[PDB]
Amino acid sequence: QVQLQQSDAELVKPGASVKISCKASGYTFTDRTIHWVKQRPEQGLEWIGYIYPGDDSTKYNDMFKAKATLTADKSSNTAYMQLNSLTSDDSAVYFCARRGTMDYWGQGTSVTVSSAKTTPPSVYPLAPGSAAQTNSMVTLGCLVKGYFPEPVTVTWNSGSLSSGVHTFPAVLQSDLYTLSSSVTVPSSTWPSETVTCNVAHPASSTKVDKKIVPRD
Amino acid sequence: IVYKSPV
Amino acid sequence: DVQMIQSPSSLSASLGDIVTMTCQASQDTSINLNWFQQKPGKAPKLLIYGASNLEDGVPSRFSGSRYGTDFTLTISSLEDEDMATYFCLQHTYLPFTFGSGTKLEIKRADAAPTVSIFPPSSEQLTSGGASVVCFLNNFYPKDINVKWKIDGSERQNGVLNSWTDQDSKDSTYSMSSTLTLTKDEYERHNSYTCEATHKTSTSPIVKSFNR
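Residues numbered from 1 in each chain as written, not as in the entry; some residues may be left out. Chains lettered and ligands numbered in written order. Heavy atoms only, no water.

- Header annotation of the entry names X-ray crystallography as the structure determination method and lists the resolution as 2.099 Å.

Structural data, given as structure tokens:
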């Protein structure tokens, strides 16, 4: 299996630098070029440039020749992209891809350029109100408020509850994010079979689990 | 200007 | 730069349909053109290279053609799994360029939301905040309006809404709406109402509680 495995999401202060990795496996690293691509939600993909690990030649889009440095380490089979003098415009997801034809892509690395402070989330359980009216399904929820940066990872029952989940995109207000997640479950299985939301925030090295209990 | 995949 | 001009920007079609999209080169030159599929949050996957060659493991429901400098991607027997964004790649002249993308939506029968309202949690109230959460789940089409009422009077300030991408199993949409108050204001009122309506229609779906 050809695979390109990129480094984690990063929060970087404006003006600072970031180095992103792309570990290639399943093919001989020195026989294919590696290309790098920028994706922002409203802009559509931009080509940054490429390196050939064979001779370590590089080419750049003129838009990025000053900001990007592509390198490679054949002993670890890793390609790198260094981005310098970062600004809010550089916030995006960056992909590596194999060959000019780009037949295999890494999973992307989300870079956030911002001077706001890393902040762990408050996690609040959402159980039906005490005056609830019952039918065959119950919907429960988790409210995740006041964190920075993204991403947060939310699962239910450590991943074993997967059907009937809606985890909504976070919305940024006053430099803090809020998101919510709902899970819908057969009404006869709660609370007898517990449901717990789990919220991991790697930027703050924090994980919070909240079991959903009925209101008094 | 023209890209060519290395041999 | 040899740019690729892509249209349409979005596409809504039924299961079983045939759908098309195009990229037009910005100069009269021969180029090698690829098509990709990208699902939300995922890596692109190569479908077609060299205008018409099918990538291994891709269904022949996908095909590409070239007419001059107009390149076309065609998808037959549309399936739920085809819901995605599609884009082209010019990989002959440096710098390489991409089309701006075509987002492909699947039609289905209209469906009213399942609405659920949640009062603030006790832990949040201890910190002085009071968020009322309303989920509007598994509805179609995507256009829907949420209205909040406090003791019967409409309220706009402090409302945050968020929408999921189209669900890949049933082609519905869901949305979350959160009215965030201070505890001070939340304790001064009693009835909190979340109302789901759509364009033109006058009969909303209503969930509410009393503190």
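**As for the domain arrangement of chain A**
Residue and element names in this part refer to chain A.
Move 1: Each domain of chain A was delimited in the assignment, giving domain 1 (1-116) and domain 2 (117-216).
Move 2: Between domain 1 and domain 2, the C-alpha centre-to-centre distance is 33 Å.
Move 3: Across the boundary between the two partners, domain 1 contributes six residues, which contact six residues of domain 2.
Move 4: Taking both sides of the interface into account, the surface hidden between domain 1 and domain 2 amounts to around 440 Å²; carbon and sulfur atoms contribute 70%.
Move 5: Inspection of the domain 1/domain 2 interface yields zero salt bridges.
Move 6: Scanning the region where domain 1 abuts domain 2 turns up zero residue pairs in polar contact.
Move 7: Looking at the side of domain 1 that touches domain 2 residue by residue, the classes come out as three nonpolar, three polar and no charged. (Domains from an automatic or database assignment. Contact = heavy atoms within 4.5 Å. Buried area = accessible area lost by both parts, 1.4 Å probe. Salt bridge = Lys/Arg side-chain N within 4 Å of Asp/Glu carboxyl O. Polar contact = N/O pair within 3.5 Å; in protein donor to acceptor, adjacent residues only side chain to side chain. Nonpolar A, V, L, I, M, F, W, Y, C, P; charged D, E, K, R; others polar.)

**Comments concerning the interface of chain C and chain A**
By a frequent convention, interface size equals the accessible area lost on bringing the separate parts together.
Move 1: If you look at the interface, chain C gives 39 residues, while chain A gives 40 residues.
Move 2: Note on chain C versus chain A: buried area summed over both sides is about 3,100 Å², and carbon and sulfur give 65% of it.
Move 3: Measuring nitrogen to oxygen at the nearest pair gives 2.7 Å for the salt bridge that ties A:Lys210 to C:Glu123.
Move 4: Taken together, chain C and chain A are joined by 10 residue pairs in polar contact.
Move 5: Contributing elements (two or more residues each) for the side of chain C that touches chain A: β4 (33-38), β5 (45-49), β9 (84-90), β12 (114-118), α1 (122-126), β13 (129-139), β16 (159-163) and β17 (173-182) of chain C.
Move 6: Of all the elements, β13(C) adds the most residues to the side of chain C that touches chain A, at five residues.
Move 7: Here the side of chain C that touches chain A is composed, by residue class, of 19 nonpolar, 16 polar and four charged. (Helix = DSSP H or I, 4+ residues; strand = E, 2+ residues; numbered from the N terminus.)

**Looking at unusual backbone geometry**
Residues and elements named next belong to chain A.
Move 1: A cis amide bond, omega -10°, links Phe148 with the succeeding residue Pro149.
Move 2: In this model, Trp190 is joined to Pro191 through a cis peptide bond whose omega is 10°.
Move 3: In this fold, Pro191 is placed in the loop between β17 (176-186) and β18 (196-201).
Move 4: Not every positive phi belongs to a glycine, and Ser174 is a case in point at roughly 50°.
Move 5: Considering the arrangement of structural elements, one finds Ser174 in the loop between β16 (171-173) and β17.

**With respect to the sheet that holds strand β19 (residues 206-211) of chain A**
All names here are of chain A.
Move 1: Taken together, the three strands give an open sheet; going across it, the order is β14-β18-β19, and neighbouring strands pair in antiparallel fashion. In the strand order of this sheet, the two ends are held by β14 (153-156) and β19, each with one partner. Strand after strand, the sheet turns through a mean of 15° between neighbouring axes, direction not considered.
Move 2: One ladder, built from four bridges, connects β14 with β18; its direction is antiparallel. (Pairing = 2+ DSSP bridges. Axes fitted to C-alpha atoms, helices over the stretch in contact; angles between N-to-C directions.)

**So, a positive patch on the surface**
Residues and elements named next belong to chain C.
Move 1: On the surface, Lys39, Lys42, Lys45 and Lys169 cluster together into a patch of positive charge.
Move 2: For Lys45, the position within the fold is in strand β5.
Move 3: The exposure class assigned to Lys45 is exposed, which follows from its relative accessible area of 56%. (Patch = residues over 30% accessible without salt bridge, like charges linked within 9 Å, V, L, I, M, F, W, Y side chains within 5 Å. Areas by Shrake-Rupley, 256 points an atom, 1.4 Å probe, with all protein chains shown as cover. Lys, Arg positive; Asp, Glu negative; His and termini not counted. Charge placed at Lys NZ, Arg CZ, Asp CG, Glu CD. Buried < 20%, exposed > 50% of the residue type's maximum accessible area, 1.4 Å probe, protein only.)

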